[PDB]
Protein chains: 2
Amino acid sequence: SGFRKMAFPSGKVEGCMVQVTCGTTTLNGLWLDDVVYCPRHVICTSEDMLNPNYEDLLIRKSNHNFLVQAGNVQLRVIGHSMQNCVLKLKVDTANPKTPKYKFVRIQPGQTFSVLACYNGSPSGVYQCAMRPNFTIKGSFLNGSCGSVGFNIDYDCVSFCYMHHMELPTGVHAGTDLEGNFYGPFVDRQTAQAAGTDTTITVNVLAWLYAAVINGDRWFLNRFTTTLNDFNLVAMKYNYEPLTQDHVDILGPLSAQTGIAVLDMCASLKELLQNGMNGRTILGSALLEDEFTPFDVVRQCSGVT
Amino acid sequence: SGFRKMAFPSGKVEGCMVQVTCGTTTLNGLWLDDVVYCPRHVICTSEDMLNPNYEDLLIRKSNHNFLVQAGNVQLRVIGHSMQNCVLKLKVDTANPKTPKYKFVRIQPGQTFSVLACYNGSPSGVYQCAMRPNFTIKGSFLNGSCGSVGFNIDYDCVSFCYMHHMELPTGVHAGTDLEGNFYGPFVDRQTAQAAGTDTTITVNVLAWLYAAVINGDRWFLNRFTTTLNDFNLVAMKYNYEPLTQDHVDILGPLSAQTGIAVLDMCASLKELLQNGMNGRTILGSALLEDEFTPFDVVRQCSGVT
Ligand SMILES: Cc1ccncc1CC(=O)Nc1cccc(Cl)c1
Ligand SMILES: Cc1ccncc1CC(=O)Nc1cccc(Cl)c1
């Protein structure tokens with residue numbers, strides 16, 4: 001028992017981190033097979049970051065201008081190209097530690113582990129969620145760019161995120177591994193609006209089932225609700241509207257605990273309307289939305 | 001910016017995890033050099049767990065009765081011995097992936113990363129703290145025994161914890177890597193009292209400095225306090241008494257923010273006396289005590 005904001009073991013991703021330098025700028029790179037992926041702003045200087053013309057800037061760069069270092073050994077760059085907001089540096093050596101992997105574009109609400117890096121070296125790993133507004137509430141400093149978000153299914157690493165920037169609001173923005181930004185964000189040092197962030201209702205419900213599994217049952221009530229009635233409450237509290245798709249994915253947790261999805265929604269409704277009253281659920285004084293129903297099942301059953 | 005419950009990258013510890021079987025019991029083992037460390041209850045059956053006579057049970061076990069498996073390959077056991085509550089299985093092969101390492105016995109209040117394992121395979125990594133009462137609030141299921149807690153200083157892994165049992169209360173108990181339990185706990189399936197748990201005051205103060213560094217400053221007040229006055233409040237709220245030693249370790253954070261340690265104590269005093277009033281600090285609705293002053297400095301400066 002016990003429930004934690006658990007990240008995936010980062011070993012497979014650690015063996016992929018490299019340092020990429022270009023001019024005065026240094027950031028992290030992702031070495032899979034004979035290719036190094038990194039944010040395209042590695043080619044920019046501080047004057048450029050206001051409104052960089054990446055196509056013009058990259059034209060002044062040759063393969064030799066990109067310094068790729070794995071540990072303390074140098075990688076020979078034999079090719080370079082831009083794909084959306086990432087650079088793919090073709091190197092003459094395949095990464096001997098390249099795990100089985102996929103490039104995946106996640107949906108908002110889904111979660112992933114971030115391996116935060118500086119100068120190609122790992123500093124820490126944490127679990128986070130793609131917010132409904134396509135930002136992440138990470139922990140990143142200057143030089144963290146190029147750090148990646150991932151998921152792991154037995155031996156396959158699905159890379160889903162690459163960190164690019166911190167918005168003036170303190171939240172983080174980045175791309176999938178094809179360099180397409182999540183959300184409306186552009187890689188420019190400019191004021192950018194993130195959407196209104198909503199709470200991931202299906203994840204809060206999954207976390208309430210995780211609380212029941214682990215003994216925290218005070219919030220269970222004698223009530224039930226409908227999807228429509230629940231969503232009237234969710235709308236008011238800026239919670240994502242619950243669909244039959246969300247109810248279906250909560251099916252295994254509902255079966256495990258014997259608590260119907262709509263009865264759990266009724267508990268969530270009372271929690272939203274009356275607060276926690278100074279109490280806690282799984283060591284938290286607020287409703288947690290960063291565990292998907294999949295994360296709950298995985299953690300409570302010990303999937304390796 | 002941003003602050004997360006970050007764990008150490010687990011790669012160096014992943015390469016050390018093995019599966020250890022003895023009779024019907026299987027748990028995790030830690031392979032460093034030519035030695036495999038695991039909990040001594042691997043030699044027990046369900047009847048034994050009530051009051052096991054480990055010295056008598058181990059006498060019925062030969063090197064061949066201990067099945068050690070790293071990935072899918074078997075390790076030949078050439079020796080076995082008991083040290084307190086751990087078994088040290090001498091194997092004929094040194095772990096090729098053994099990192100630089102130390103065995104350390106942590107103090108309560110200190111933090112560490114846990115790499116939770118099942119059948120020798122890693123399932124996840126999370127950051128946790130040794131509670132003042134010597135228990136950990138982990139996330140562990142049956143088969144997680146043998147999973148280790150560690151810290152990393154550049155390239156050296158300091159192993160500080162080995163998971164042994166879950167108390168009937170749902171909290172977790174274990175040993176250092178010499179097999180000495182933290183706290184009064186014994187490796188028996190019996191009702192055991194954990195101490196009254198207190199909040200780690202120096203860690204809450206470190207986390208309030210982390211909030212200030214990252215923009216959350218609403219809790220800063222026009223007040224100051226004394227160590228004695230503060231401790232009268234800490235006593236009432238079951239917070240650890242603050243000493244000049246704790247004040248000294250908060251020195252770097254005090255210097256970084258320009259907020260005197262005692263002024264921060266006064267903010268904590270008002271927070272304890274008046275609650276959060278529905279507000280949050282670093283995405284939390286309660287006072288977080290699982291980040292040491294060292295963890296705050298490391299995270300806010302990007303130590304790799
Ligand atoms: C300072 C920091 C903190 C966290 N994560 C990243 C950073 C650096 C950063 O924001 N870079 C940046 C800024 C605007 C545009 C672009 Cl392309 C990149
Ligand atoms: C079921 C579980 C959940 C979390 N962590 C561990 C476990 C197994 C467990 O508690 N083992 C145990 C019990 C009493 C004594 C001793 Cl020696 C070992």
Side-chain angles (χ1 to χ4, degrees), chain A residues 3 5 106-111 127-137 171 182-183 194-301, chain B residues 275-280 283-286:
Chain A
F3 211 69
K5 189 77 64 91
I106 59 170
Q107 293 287 289
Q110 295 307 108
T111 59
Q127 187 74 3
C128 81
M130 178 57 62
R131 300 309 314 163
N133 74 349
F134 297 102
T135 59
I136 86 172
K137 308 195 176 149
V171 313
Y182 282 89
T196 301
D197 200 39
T198 51
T199 302
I200 315 148
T201 310
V202 66
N203 289 4
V204 171
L205 292 161
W207 166 87
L208 292 167
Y209 277 111
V212 168
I213 293 170
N214 291 278
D216 267 320
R217 326 158 54 96
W218 66 266
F219 57 88
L220 292 181
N221 61 28
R222 320 191 148 268
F223 323 138
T224 198
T225 189
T226 69
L227 262 191
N228 280 177
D229 174 63
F230 180 73
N231 292 340
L232 293 183
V233 181
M235 161 82 190
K236 176 194 186 70
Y237 289 96
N238 273 88
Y239 262 64
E240 270 269 347
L242 201 76
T243 62
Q244 188 52 56
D245 269 19
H246 293 140
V247 172
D248 291 345
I249 312 166
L250 294 163
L253 291 181
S254 175
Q256 196 166 326
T257 70
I259 297 163
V261 171
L262 294 172
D263 292 2
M264 195 59 100
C265 297
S267 284
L268 177 55
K269 173 172 159 207
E270 297 299 305
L271 278 177
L272 284 171
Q273 290 173 342
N274 303 328
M276 326 250 310
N277 278 116
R279 305 185 285 270
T280 61
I281 297 169
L282 289 175
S284 179
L286 50 86
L287 300 151
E288 299 274 320
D289 78 344
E290 298 204 317
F291 298 99
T292 70
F294 308 81
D295 297 347
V296 173
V297 168
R298 194 194 289 110
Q299 190 172 158
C300 301
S301 68
Chain B
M276 326 250 310
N277 278 116
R279 305 185 285 270
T280 61
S284 179
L286 50 86

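What you see below is based on every heavy atom in this structure, not just the backbone, and it leaves out hydrogens, waters and symmetry mates. Lettering of chains follows the sequences in order, A, B, ..., and the numbering in each one begins at 1.
For the 3.5 Å distance criterion, the side chains of A:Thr224 and A:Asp263 qualify, holding a donor opposite an acceptor.
Within the structure, salt bridge (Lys or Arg N to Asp or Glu O under 4.0 Å) contacts touching residues 280-296 of chain A (residues at least two apart or in different chains) are A:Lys5-A:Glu288, A:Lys5-A:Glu290, A:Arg131-A:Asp289, A:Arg131-A:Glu290, A:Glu290-B:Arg4, A:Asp295-A:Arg298.
Across all non-hydrogen atoms, the minimal contact from A:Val297 to A:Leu253 is CG2-CD2, 3.7 Å. The nearest pair of heavy atoms linking A:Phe230 to A:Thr225 is N-OG1, 3.6 Å. Annotation for A:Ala285 and B:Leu286: closest pair N-CD2, 3.6 Å, computed over non-hydrogen atoms. Considering every non-hydrogen atom in both A:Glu240 and A:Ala234, the closest pair reads O-CB, 4.1 Å. The heavy-atom pair separating A:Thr199 from A:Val204 by the smallest distance is CG2-CG2, 3.7 Å. Heavy-atom minimum distance, A:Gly109 versus A:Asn203: O-ND2, 2.9 Å.
Using a 4.5 Å heavy-atom cutoff, the side chains of A:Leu287 and A:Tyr239 are in contact. A heavy-atom distance below 4.5 Å is not found between the side chains of A:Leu250 and A:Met264. Residues A:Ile200 and A:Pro132 meet the side-chain proximity criterion, which asks for heavy atoms closer than 4.5 Å. In this structure, A:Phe3 and A:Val296 have side chains that are in contact, with non-hydrogen atoms separated by less than 4.5 Å. At a threshold of 4.5 Å between non-hydrogen side-chain atoms, the residues A:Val247 and A:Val202 do not count as touching. A heavy-atom distance below 4.5 Å is not found between the side chains of A:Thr111 and A:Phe294. Residues A:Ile281 and A:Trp207 are in side-chain contact: their nearest non-hydrogen atoms beyond the backbone lie under 4.5 Å apart. For the pair A:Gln256/A:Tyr209, no side-chain contact is recorded, criterion being any heavy-atom separation below 4.5 Å from C-beta on.
Counting heavy-atom neighbours within 6.0 Å of A:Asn228 CG, excluding the residue itself, gives a total of 12 or less. Under a cut-off of 6.0 angstrom, the local environment of CZ in A:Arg217 is sparse, with at most 12 non-hydrogen atoms contributed by other residues, nucleotides or ligands.
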(request) Please assess A:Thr226 against A:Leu262 for the test side-chain contact (heavy atoms from CB on, under 4.5 Å), listing each intermediate value before the final yes or no. (result) CA-CA 6 Å; A:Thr226 69; A:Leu262 294 172; 5.7 Å; no
(request) Please report the C-alpha distance between A:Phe291 and A:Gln127 in whole Å, then the side-chain angles of each, then the deciding distance to 0.1 Å, and finally whether the side-chain contact (heavy atoms from CB on, under 4.5 Å) criterion is met. (result) CA-CA 9 Å; A:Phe291 298 99; A:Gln127 187 74 3; 5.9 Å; no
(request) Check the pair A:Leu272, A:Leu268 against side-chain contact (heavy atoms from CB on, under 4.5 Å), reporting the backbone distance first and the verdict last. (result) CA-CA 6 Å; A:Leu272 284 171; A:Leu268 177 55; 4.1 Å; yes
(request) Report the C-alpha distance between A:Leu205 and A:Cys265 in whole Å, list the side-chain angles of each, state the deciding distance to 0.1 Å, and finish with yes or no for side-chain contact (heavy atoms from CB on, under 4.5 Å). (result) CA-CA 7 Å; A:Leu205 292 161; A:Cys265 297; 3.9 Å; yes
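For the atom pair CG (A:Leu271) and CG (A:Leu208), the distance works out to 6.5 Å, reported to the nearest 0.5 Å. The distance from the CD1 atom of A:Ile249 to the OG atom of A:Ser254 is 13.5 Å, given to the nearest 0.5 Å. Of the inter-residue distances, the one linking A:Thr243 atom OG1 with A:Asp248 atom CG reads 8.0 Å to the nearest 0.5 angstrom. For the atom pair A:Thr201 OG1 and A:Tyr237 OH, the distance stands at 13.5 Å (nearest 0.5 Å).
Using modelled atom types, no side-chain atom of A:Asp216 and backbone atom of A:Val212 make a donor-acceptor pair closer than 3.5 Å. A distance-only check finds no donor-acceptor pair linking the side chain of B:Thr280 to the backbone of B:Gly283 [under 3.5 Å]. Distance alone, capped at 3.5 Å, places no donor-acceptor pair between the A:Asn238 side chain and the A:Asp197 backbone.
Contacts of A:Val171 classified as side chain to side chain contact (heavy atoms under 4.5 Å, CB included), with partners at least two apart in sequence or in another chain: A:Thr135, A:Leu167, A:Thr169. When the side chain to side chain contact (heavy atoms under 4.5 Å, CB included) test is applied to A:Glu270, the partners found at least two apart in sequence or on another chain are A:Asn221, A:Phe223, A:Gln273, A:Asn274.
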